[PDB]
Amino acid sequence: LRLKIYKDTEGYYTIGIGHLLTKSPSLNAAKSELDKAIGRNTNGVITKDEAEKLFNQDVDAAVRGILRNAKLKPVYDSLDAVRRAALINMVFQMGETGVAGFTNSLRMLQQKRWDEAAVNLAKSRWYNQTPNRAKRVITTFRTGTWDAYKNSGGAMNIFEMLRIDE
């Protein structure tokens, strides 16, 4: 919940709840992208209300990306509400295209084969780069519960979930 510009684990300027601003190594460019999104000269600082609006727009986009993708929509429609949030999180983090590439894992979710889907996902580049997170997401896919988020504050929705993962 950063109201001020900060860098993600890859060095990219960002703000709020994981809202990427630019890949450019320039705070000037980052602030400029920020002003357009907010609708006022921010000098790199936004309010709690502004950060939440960006967040809600980012979650809304990940769902739209899912519904628009031929490989994800079928899987998403077949899932319970908690497992849907896990899929939403993966898309929010890597994009519809990235998640669509997990053929087996997705096929396994479609067939309610939780364990196998968890096993495969752990065998990904995604998992190797952000394991703490992928571990919580995969446990959510495996159990259909928010149990993996309890120690870090708890979560009952995608909003509280994403708040913790990034």
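Each residue number is its position in the shown sequence, starting from 1.
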Worksheet, complete the sentence: With B-factors read from the PDB entry, the higher C-alpha mean of 136-144 and 118-126 is in 118-126
Practice prompt. Averaging the C-alpha B factors as listed in the entry, name the stretch that ends up higher: 6-14 or 154-162.
Written response: 6-14
Item to complete: Please pick out which of 67, 59, 29, 99 has the largest Cα B-factor as recorded in the entry.
Response: 67
Practice prompt. Pull the Cα B-factor of residue 45 out of the PDB entry and bin it into the chain's lowest, middle or highest third.
Written response: middle
Practice prompt. Pull the Cα B-factor of residue 112 out of the PDB entry and bin it into the chain's lowest, middle or highest third.
Written response: middle
